[PDB]
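J.: Here it is, the structure in full.
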Amino acid sequence: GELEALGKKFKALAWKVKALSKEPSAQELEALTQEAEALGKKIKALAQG
Amino acid sequence: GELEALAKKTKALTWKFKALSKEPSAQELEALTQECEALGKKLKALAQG
């Protein structure tokens, strides 16, 4: 379900951070920050209560 | 329980992204990588609960 899918998406994001090398662009850090925040919104909704 | 624990971890993760410097350290990015992977693994485990 959503737990599994959200899990896969965090693993995908882990790879993206893993690939970063010295002085990542601001555009890339912002892109990855926004993906984290989007996943964060999902988790918040799923964990209510 | 596990929901709230994963919601707090997710908030911590999003804020670490948001709090990154313009030129983040290698170590900071390793930490982010690991925290993404951990959360993804924990979500998948709970999915198989």
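Lettering and numbering for the structure tokens are positional, with chains as A, B, ... in the shown order, residues counted from 1 in each chain, and ligands counted from 1 in the shown order.
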For a quick test of understanding: name the residues of chain B lying within 7 Å of chain A when counting only C-alpha atoms, and present them as a PyMOL selection string.

T.: chain B and resi 3-4+7+10-11+14+17-18+22-23+29+33+36-37+39-41+43-44+47

J.: Write the residues of the selection above to a file with C-alpha atoms, as a PDB file, in the first residue's frame.

T.:
```pdb
ATOM      1  CA  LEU B   3       3.563   5.861  12.935  1.00  0.00           C
ATOM      2  CA  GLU B   4       4.397   8.772  15.184  1.00  0.00           C
ATOM      3  CA  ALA B   7       6.402  11.059  11.324  1.00  0.00           C
ATOM      4  CA  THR B  10      10.341  12.510   8.525  1.00  0.00           C
ATOM      5  CA  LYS B  11      10.025  15.993  10.023  1.00  0.00           C
ATOM      6  CA  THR B  14      12.756  17.584   5.910  1.00  0.00           C
ATOM      7  CA  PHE B  17      17.178  19.401   3.975  1.00  0.00           C
ATOM      8  CA  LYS B  18      15.729  22.851   4.610  1.00  0.00           C
ATOM      9  CA  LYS B  22      24.704  26.595   0.233  1.00  0.00           C
ATOM     10  CA  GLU B  23      27.807  24.325   0.138  1.00  0.00           C
ATOM     11  CA  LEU B  29      25.050  14.654   2.772  1.00  0.00           C
ATOM     12  CA  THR B  33      21.530   9.737   2.541  1.00  0.00           C
ATOM     13  CA  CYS B  36      16.467   8.661   3.748  1.00  0.00           C
ATOM     14  CA  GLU B  37      17.481   5.026   3.445  1.00  0.00           C
ATOM     15  CA  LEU B  39      13.119   5.803   6.713  1.00  0.00           C
ATOM     16  CA  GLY B  40      12.539   3.925   3.460  1.00  0.00           C
ATOM     17  CA  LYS B  41      13.559   0.626   5.080  1.00  0.00           C
ATOM     18  CA  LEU B  43       8.320   2.107   5.950  1.00  0.00           C
ATOM     19  CA  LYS B  44       8.790  -1.103   3.942  1.00  0.00           C
ATOM     20  CA  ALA B  47       4.224  -2.311   5.203  1.00  0.00           C
TER      21      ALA B  47
END
```

J.: Between CA of residue 35 in chain B and CA of residue 5 in chain B, what distance in Å does the model show, to one decimal?

T.: 13.3 Å

J.: Quick check for you: according to DSSP on this backbone, which residues of chain A are classed as alpha helix (DSSP H)? Reply as JSON, numbers by chain.

T.: {"A": [2, 3, 4, 5, 6, 7, 8, 9, 10, 11, 12, 13, 14, 15, 16, 17, 18, 19, 26, 27, 28, 29, 30, 31, 32, 33, 34, 35, 36, 37, 38, 39, 40, 41, 42, 43, 44, 45, 46, 47]}

J.: Please produce a file of those selected residues containing N, CA, C and O atoms, as a short mmCIF file (atom, residue, chain, number, x, y, z; two decimals), in the first residue's frame.

T.:
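Wrote it out as result37.cif, contents follow:
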```cif
data_model
loop_
_atom_site.label_atom_id
_atom_site.label_comp_id
_atom_site.auth_asym_id
_atom_site.auth_seq_id
_atom_site.Cartn_x
_atom_site.Cartn_y
_atom_site.Cartn_z
N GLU A 2 0.32 2.33 0.65
CA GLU A 2 0.96 3.63 0.70
C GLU A 2 2.28 3.55 1.48
O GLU A 2 3.21 4.29 1.15
N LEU A 3 2.35 2.70 2.52
CA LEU A 3 3.56 2.56 3.32
C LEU A 3 4.70 2.05 2.44
O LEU A 3 5.79 2.63 2.42
N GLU A 4 4.44 0.97 1.71
CA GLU A 4 5.40 0.40 0.77
C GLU A 4 5.85 1.42 -0.27
O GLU A 4 7.03 1.53 -0.56
N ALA A 5 4.88 2.11 -0.90
CA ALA A 5 5.18 3.02 -1.98
C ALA A 5 5.99 4.20 -1.47
O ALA A 5 6.90 4.67 -2.19
N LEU A 6 5.68 4.67 -0.25
CA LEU A 6 6.36 5.84 0.30
C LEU A 6 7.77 5.42 0.67
O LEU A 6 8.72 6.17 0.43
N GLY A 7 7.91 4.19 1.14
CA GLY A 7 9.20 3.58 1.42
C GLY A 7 10.13 3.54 0.20
O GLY A 7 11.30 3.90 0.28
N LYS A 8 9.62 3.06 -0.92
CA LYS A 8 10.38 3.03 -2.15
C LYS A 8 10.82 4.43 -2.55
O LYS A 8 11.91 4.61 -3.10
N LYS A 9 9.93 5.40 -2.34
CA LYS A 9 10.22 6.76 -2.76
C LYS A 9 11.34 7.34 -1.89
O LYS A 9 12.16 8.11 -2.44
N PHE A 10 11.33 7.07 -0.58
CA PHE A 10 12.47 7.50 0.26
C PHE A 10 13.79 6.85 -0.18
O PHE A 10 14.85 7.49 -0.13
N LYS A 11 13.79 5.55 -0.51
CA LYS A 11 14.98 4.91 -1.05
C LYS A 11 15.45 5.59 -2.34
O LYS A 11 16.66 5.72 -2.55
N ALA A 12 14.51 5.97 -3.23
CA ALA A 12 14.88 6.63 -4.47
C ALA A 12 15.61 7.94 -4.13
O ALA A 12 16.64 8.24 -4.73
N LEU A 13 15.07 8.68 -3.14
CA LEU A 13 15.60 9.96 -2.76
C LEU A 13 17.00 9.77 -2.15
O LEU A 13 17.91 10.59 -2.42
N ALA A 14 17.20 8.66 -1.46
CA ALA A 14 18.49 8.34 -0.84
C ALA A 14 19.57 8.22 -1.92
O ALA A 14 20.69 8.76 -1.79
N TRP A 15 19.21 7.57 -3.03
CA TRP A 15 20.11 7.46 -4.16
C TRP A 15 20.48 8.81 -4.74
O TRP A 15 21.62 8.99 -5.23
N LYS A 16 19.49 9.70 -4.84
CA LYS A 16 19.72 11.03 -5.38
C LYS A 16 20.73 11.76 -4.50
O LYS A 16 21.60 12.46 -5.01
N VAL A 17 20.55 11.70 -3.18
CA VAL A 17 21.52 12.33 -2.29
C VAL A 17 22.90 11.65 -2.37
O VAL A 17 23.97 12.33 -2.36
N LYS A 18 22.90 10.33 -2.46
CA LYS A 18 24.13 9.59 -2.62
C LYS A 18 24.90 10.06 -3.84
O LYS A 18 26.14 10.11 -3.80
N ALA A 19 24.23 10.35 -4.95
CA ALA A 19 24.93 10.73 -6.17
C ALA A 19 25.56 12.14 -6.08
O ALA A 19 26.44 12.48 -6.87
N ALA A 26 22.34 24.79 -6.37
CA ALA A 26 21.26 25.22 -5.51
C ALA A 26 19.96 24.64 -6.06
O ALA A 26 19.08 24.29 -5.27
N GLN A 27 19.90 24.51 -7.39
CA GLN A 27 18.71 24.02 -8.06
C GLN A 27 18.52 22.56 -7.64
O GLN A 27 17.40 22.16 -7.37
N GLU A 28 19.62 21.80 -7.56
CA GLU A 28 19.51 20.40 -7.22
C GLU A 28 19.13 20.26 -5.74
O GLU A 28 18.27 19.45 -5.41
N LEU A 29 19.80 21.00 -4.84
CA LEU A 29 19.48 20.92 -3.42
C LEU A 29 18.02 21.31 -3.18
O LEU A 29 17.34 20.72 -2.35
N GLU A 30 17.52 22.31 -3.90
CA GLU A 30 16.14 22.74 -3.77
C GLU A 30 15.18 21.69 -4.32
O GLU A 30 14.16 21.41 -3.67
N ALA A 31 15.53 21.06 -5.45
CA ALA A 31 14.74 19.96 -6.00
C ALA A 31 14.60 18.81 -5.00
O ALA A 31 13.50 18.29 -4.82
N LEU A 32 15.70 18.44 -4.34
CA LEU A 32 15.68 17.32 -3.44
C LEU A 32 14.94 17.72 -2.16
O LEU A 32 14.23 16.91 -1.58
N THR A 33 15.04 18.98 -1.77
CA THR A 33 14.37 19.48 -0.58
C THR A 33 12.85 19.42 -0.81
O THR A 33 12.07 19.00 0.06
N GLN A 34 12.43 19.82 -2.01
CA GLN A 34 11.02 19.83 -2.35
C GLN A 34 10.51 18.39 -2.40
O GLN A 34 9.38 18.14 -1.99
N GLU A 35 11.27 17.43 -2.94
CA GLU A 35 10.82 16.04 -2.93
C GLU A 35 10.67 15.55 -1.49
O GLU A 35 9.72 14.83 -1.13
N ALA A 36 11.65 15.85 -0.62
CA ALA A 36 11.50 15.49 0.78
C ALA A 36 10.23 16.08 1.39
O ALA A 36 9.54 15.38 2.14
N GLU A 37 9.98 17.39 1.15
CA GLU A 37 8.82 18.06 1.72
C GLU A 37 7.52 17.42 1.21
O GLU A 37 6.58 17.28 1.99
N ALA A 38 7.48 17.01 -0.06
CA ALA A 38 6.30 16.40 -0.67
C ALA A 38 6.04 15.03 -0.03
O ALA A 38 4.89 14.69 0.31
N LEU A 39 7.11 14.27 0.22
CA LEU A 39 6.99 12.97 0.86
C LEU A 39 6.57 13.18 2.31
O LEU A 39 5.85 12.36 2.88
N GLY A 40 7.08 14.27 2.89
CA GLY A 40 6.75 14.65 4.25
C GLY A 40 5.26 14.93 4.47
O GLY A 40 4.75 14.56 5.54
N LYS A 41 4.63 15.58 3.49
CA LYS A 41 3.21 15.90 3.51
C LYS A 41 2.39 14.61 3.51
O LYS A 41 1.46 14.46 4.31
N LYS A 42 2.79 13.65 2.68
CA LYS A 42 2.18 12.32 2.60
C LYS A 42 2.28 11.57 3.92
O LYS A 42 1.29 11.01 4.37
N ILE A 43 3.46 11.57 4.56
CA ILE A 43 3.69 10.85 5.79
C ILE A 43 2.85 11.46 6.93
O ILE A 43 2.33 10.74 7.78
N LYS A 44 2.78 12.80 6.94
CA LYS A 44 2.03 13.53 7.94
C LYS A 44 0.56 13.09 7.90
O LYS A 44 -0.01 12.79 8.96
N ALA A 45 0.00 13.11 6.69
CA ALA A 45 -1.37 12.67 6.43
C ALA A 45 -1.55 11.21 6.86
O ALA A 45 -2.51 10.88 7.57
N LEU A 46 -0.61 10.35 6.50
CA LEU A 46 -0.74 8.90 6.82
C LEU A 46 -0.61 8.65 8.32
O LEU A 46 -1.21 7.68 8.80
N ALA A 47 0.12 9.49 9.05
CA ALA A 47 0.42 9.17 10.46
C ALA A 47 -0.49 9.91 11.44
O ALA A 47 -0.33 9.70 12.65
#
```

J.: Have a look at CA of residue 32 in chain B and CA of residue 1 in chain B and let me know their distance in Å, one decimal.

T.: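 Separation of CA of residue 32 in chain B and CA of residue 1 in chain B: 23.5 Å.
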